[PDB]
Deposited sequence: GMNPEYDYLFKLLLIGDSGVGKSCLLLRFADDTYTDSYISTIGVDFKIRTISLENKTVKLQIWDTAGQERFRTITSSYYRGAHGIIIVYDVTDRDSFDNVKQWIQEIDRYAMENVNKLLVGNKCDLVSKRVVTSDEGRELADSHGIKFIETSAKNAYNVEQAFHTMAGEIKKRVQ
């Protein structure tokens, strides 16, 4: 009996400091530290999930390579407390659309939503950007786990719809 029905390669991209590695560690290991992480110590993380009746193995990178790793899905992360990281999403997307797989799936993530007093990008602004690009949007906090599992499951769900 085969271990899994599907293998999906996922890449997290976005400006330095937005929480890409923290999002991965929370999802894959259910850990979080405020302490600086230069490297997670491995090239990628593996987690297996269930989608309807299918077992899906997720192979996830928090660093670019090929540059986009032949990813089936790309999670674009900004920090809701950092306006520059949000504006730069426009550039990340532009590069994905030109240089990643032609029909790669995309998800917009606004991270650090636990920091309500430091927020400078509204949820509505995040949603507007995602809508303009025809992609889904989710706000997360790696710190308290809010929406982290949902973000990756949502990404997997979008890929599955495309590959059947």
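Deposited-sequence ranges lacking C-alpha coordinates, in sequence order: Residues lacking C-alpha coordinates: 1-2, 68-76.
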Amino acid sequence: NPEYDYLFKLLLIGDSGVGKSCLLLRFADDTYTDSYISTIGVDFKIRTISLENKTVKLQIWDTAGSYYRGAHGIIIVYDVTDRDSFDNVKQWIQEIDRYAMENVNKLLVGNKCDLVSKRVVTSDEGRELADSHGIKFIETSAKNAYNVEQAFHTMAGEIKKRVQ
From here on, numbers count along this sequence of modelled residues.
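- prompt: Where do the C-alpha atoms have the higher mean temperature factor in this entry, in 37-45 or in 121-129?
  reply: Between 121-129 and 37-45, it is 37-45 that shows the higher mean C-alpha B-factor.
- prompt: As stated in the PDB record, which stretch has the larger average Cα B-factor, 86-94 or 73-81?
  reply: The deposited B-factors put 86-94 ahead on the C-alpha mean.
message: For the CA B factor values reported in this entry, which option in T55, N111, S66, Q59 has the top one?
response: Each of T55, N111, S66, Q59 was compared by C-alpha B-factor; the highest is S66.
message: Using only modelled residues of the chain, where does the Cα B factor of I159 rank: lowest third, middle third or highest third?
response: Middle third.
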